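Listed here are the chains, written in short residue letters.
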Amino acid sequence: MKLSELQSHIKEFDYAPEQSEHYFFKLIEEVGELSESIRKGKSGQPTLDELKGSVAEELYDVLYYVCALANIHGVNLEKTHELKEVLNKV
Amino acid sequence: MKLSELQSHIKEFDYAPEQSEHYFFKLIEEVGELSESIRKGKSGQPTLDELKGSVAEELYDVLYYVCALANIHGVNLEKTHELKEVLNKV
Amino acid sequence: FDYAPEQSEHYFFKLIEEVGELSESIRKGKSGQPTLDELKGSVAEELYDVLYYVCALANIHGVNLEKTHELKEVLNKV
Amino acid sequence: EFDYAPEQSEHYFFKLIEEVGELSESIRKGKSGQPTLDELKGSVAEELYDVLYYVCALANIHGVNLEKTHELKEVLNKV
Ligand SMILES: [Mg+2]
Ligand SMILES: [Mg+2]
Ligand SMILES: [Mg+2]
Ligand SMILES: [Mg+2]
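- In terms of determination method and resolution, the entry is listed under X-ray crystallography at 2.20 Å.

As structure tokens, this is what we get:
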């Protein structure tokens, strides 16, 4: 799973650039749920029936909105990653 | 950039499992910095000199701590992505 | 609690949880002053819940919110 | 200062999150206690107040009475 493929797969199915607030609201919701999963100690790599409410799920759900926000804000995350590599060597 | 490779690269240069709070704190810091960037409308794909403060950089920095929390919490994001695919299709 | 960092870490988790629930309630437009039967999930409840953990964190971190407000007011006029 | 209310709410919500980010930093760094004026910048005290400030600003624009809400919550908890 390439990171630019994740971003574009998410763009294929969930892209409403006139609803930028929707996506920011959702990011913050998922970070709240993540806080809860970490507080409860729901760590490790869940099977399918362990997934709901796990640190793993909430980590992914935050990632989803990172990517969804990137599409909305015209951000290429893979190209941004690369520029950060340049900064981190200089 | 493969997602597993990103997670694995971050773990090479930043992995302290006895400091789980460090990483959660840092996540919240970046989300606050991301919020500033969206508020200030610093959208688009920046060149190297436009990178500091950009929506692009803050989304990346948030991505970074999602991955680094995944490493700390024993989460495989790519495996978790696959599982979420299954639940979403149902 | 009695070990201070565990208390702080708890209230900080809860702070982020409520800020999440507040985001949802703003998204859904659950504004105004609710009666009791509309309290759950309202913006009002979530704003109170966030306020609650702010205050809880101030107690544990040795913060006087009222004296902090006054210090901020000097900086403001300055 | 703001005339269209969703725009005022959106601003205050962005600022609230910004301030929560800054509070996270002040806690990570252990900047606890009650500071004098020279120690206020970047302290836990400052960020707590700053978060408190936007909670209130957001309550004003959403038509929330925090005193009455607190009272309603107390009735619930007792139940
Ligand atoms: Mg979730
Ligand atoms: Mg940053
Ligand atoms: Mg709540
Ligand atoms: Mg501040």
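**Comments concerning the environment of C:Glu66**
- Within the secondary structure, C:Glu66 sits in helix 3 (residues 65-77).
- For the pair C:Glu66 and C:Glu18, spaced 48 residues apart in the sequence, the C-alpha separation amounts to 23 Å.

**Examining the coordination of the magnesium ion (ligand 4)**
Residues and elements named next belong to chain D.
- Within the protein, the magnesium ion (ligand 4) binds to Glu 19 (OE), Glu 22 (OE), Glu 47 (OE) and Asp 50 (OD); these donor distances fall in the range 2.3 to 2.7 Å.
- Read N to C, the donor residues that coordinate the magnesium ion (ligand 4) are spaced as E-x2-E-x24-E-x2-D. On the criterion of sequence distance, the pair formed by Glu 22 in helix 1 (residues 5-28) and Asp 50 in helix 2 (residues 44-61) is long-range, its members being 28 residues apart.
- Using a relative accessible area of 36% as the deciding quantity, one classes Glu 22 as partly exposed.

**A closer look at the interface of chain C and chain A**
- Contact residues are listed per partner, giving 11 residues for chain C and 11 residues for chain A.
- Of the roughly 960 Å² buried where chain C meets chain A, counting both sides, 66% is carbon and sulfur surface.
- When the buried area of chain C at its contact with chain A is split by residue, C:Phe13, C:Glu17 and C:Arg27 rank highest and sum to 51% of it.
- A salt bridge links C:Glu17 to A:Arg39; the shortest N-O distance between them is 2.6 Å.
- Here chain C and chain A share 4 residue pairs in polar contact between them.

**Observations concerning the relation of the copies chain B and chain A**
- When chain B is fitted to chain A, the residual RMSD is 0.2 Å, and the transformation amounts to a turn of 180 degrees plus an axial shift of 0.0 Å. In symmetry terms, the pair is related by a two-fold rotation axis. The C-alpha atom lying nearest the rotation axis in chain B is that of B:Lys2; the distance is 2.1 Å.
- A shared binding surface is used by both copies, with 100% of the interface residues of chain B retained as interface residues in chain A.

**Notes on the UniProt feature "binding site: Mg(2+)" (unreviewed entry) in chain C**
Residues and elements named next belong to chain C.
- Sequence positions flagged by UniProt for "binding site: Mg(2+)" (unreviewed entry) are, in local numbering, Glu 18, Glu 21, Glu 46 and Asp 49. Over a stretch of 32 residues, the named residues converge on one spot in the fold, their C-alpha atoms separated by at most 9.2 Å.
- Judged by relative accessible area, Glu 21 falls into the partly exposed class, the value being 37%.
- A relative accessible area of 4% means that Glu 46 is categorised as buried.
- Residues within four places of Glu 46 in sequence aside, it is in contact with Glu 18, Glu 21, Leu 22, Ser 25 and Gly 41.

**Observations concerning the interface of chain B and chain A**
- Listed as interface residues are 42 residues of chain B and, on the opposing side, 43 residues of chain A.
- Carbon and sulfur atoms supply 76% of the area buried between chain B and chain A, which totals about 3,900 Å² over both sides.
- Between the two partners, chain B and chain A, sit 4 salt bridges.
- B:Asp61 is the salt-bridge partner of A:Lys84, the closest N and O atoms lying 3.7 Å from each other.
- Run the count over chain B and chain A and you get 12 residue pairs in polar contact.
- Mapped by element, the contributors of at least two residues to the side of chain B that touches chain A are helix 1 (3-13), helix 2 (20-39), helix 3 (55-72) and helix 4 (77-89) of chain B.
- Counting residues per element, the side of chain B that touches chain A draws most heavily on helix 3 of chain B, at 11 residues.

**Structural notes on the coordination of the magnesium ion (ligand 1)**
All names here are of chain A.
- Looking at the magnesium ion (ligand 1), the protein donor atoms are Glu 30 (OE), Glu 33 (OE), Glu 58 (OE) and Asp 61 (OD), and they sit 2.5 to 2.8 Å from it.
- Ordering the donors of the magnesium ion (ligand 1) by residue number gives the pattern E-x2-E-x24-E-x2-D. Taken together, the residues span about one helical turn, with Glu 30 and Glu 33 both in helix 2 (residues 20-39) at a distance of 3 residues.

**Here's the deal with the packing of helix 3 (residues 55-72) of chain A against helix 3 of chain B**
- One way to put it is that helix 3 of chain A packs onto helix 3 of chain B with a least axis distance of 10 Å and a crossing angle of 160 degrees. Judged by the angle between their axes, helix 3 of chain A and helix 3 of chain B are roughly antiparallel. The crossing of helix 3 of chain A and helix 3 of chain B is left-handed. Where helix 3 of chain A approaches helix 3 of chain B, its residues A:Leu59, A:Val62, A:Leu63, A:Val66, A:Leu69 and A:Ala70 are matched on the opposing element by B:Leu59, B:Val62, B:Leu63, B:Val66, B:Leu69 and B:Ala70.
- The residue inventory of the contact of helix 3 of chain A with helix 3 of chain B, partitioned by class, reads 12 nonpolar, no polar and no charged.

Analysis parameters
- Note on numbering: positions run from 1 along each chain as its sequence is written and may not match the entry's numbering; residues without coordinates are not listed.
- Whichever chain is written first is A, and whichever ligand is written first is 1; the rest continue in order.
- Side-chain calculation: all heavy atoms of the structure are included, whereas hydrogens and water are not.
- Only DSSP runs of H or I with at least four residues qualify as helices, and only runs of E with at least two residues qualify as strands; both kinds are numbered from the N terminus onward.
- Any nitrogen, oxygen or sulfur atom within 2.8 Å of a metal ion counts as a donor, with the limit raised to 3.2 Å for Na, K and Ca, and since water is left out, coordination shells can look unfinished.
- Under the scheme applied here, a residue whose accessible area is under 20% of the maximum for its type counts as buried, over 50% as exposed, and between as partly exposed, the area being computed with a 1.4 Å probe on protein chains only.
- We call two residues contacting when some pair of their heavy atoms lies within 4.5 Å.
- What gets called buried area is simply the loss in accessible area from a 1.4 Å probe that two parts show on being joined, summed for both.
- Throughout this description, the term salt bridge denotes a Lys or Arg side-chain nitrogen within 4 Å of a carboxyl oxygen of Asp or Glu.
- Polar contact is the term for a pair of N or O atoms within 3.5 Å; when the atoms are in protein, one must be able to donate a hydrogen and the other to accept it, and sequence-neighboring residues count only if both atoms are side-chain atoms.
- Each copy is superimposed on the others by a least-squares fit restricted to its C-alpha atoms.
- UniProt positions are given in the numbering used here, feature names are shortened, and annotations may be inferred rather than shown by experiment.
- In this analysis an axis means a line fitted to C-alpha atoms, helices contributing only their contacting stretch, and an angle means the value between N-to-C directions, from 0 to 180 degrees.
- By the definition adopted for this analysis, an angle is roughly parallel if under 35 degrees, roughly antiparallel if over 145, roughly perpendicular if from 65 to 115, and oblique otherwise.
- Helix crossings are classified by the rotation of the near helix relative to the far one: an anticlockwise turn of less than a right angle makes the crossing left-handed, while a clockwise turn makes it right-handed.
- In this count, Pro and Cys sit with the nonpolar residues alongside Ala, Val, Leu, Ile, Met, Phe, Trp and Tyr, while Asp, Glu, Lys and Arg are called charged and the others, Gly among them, polar.

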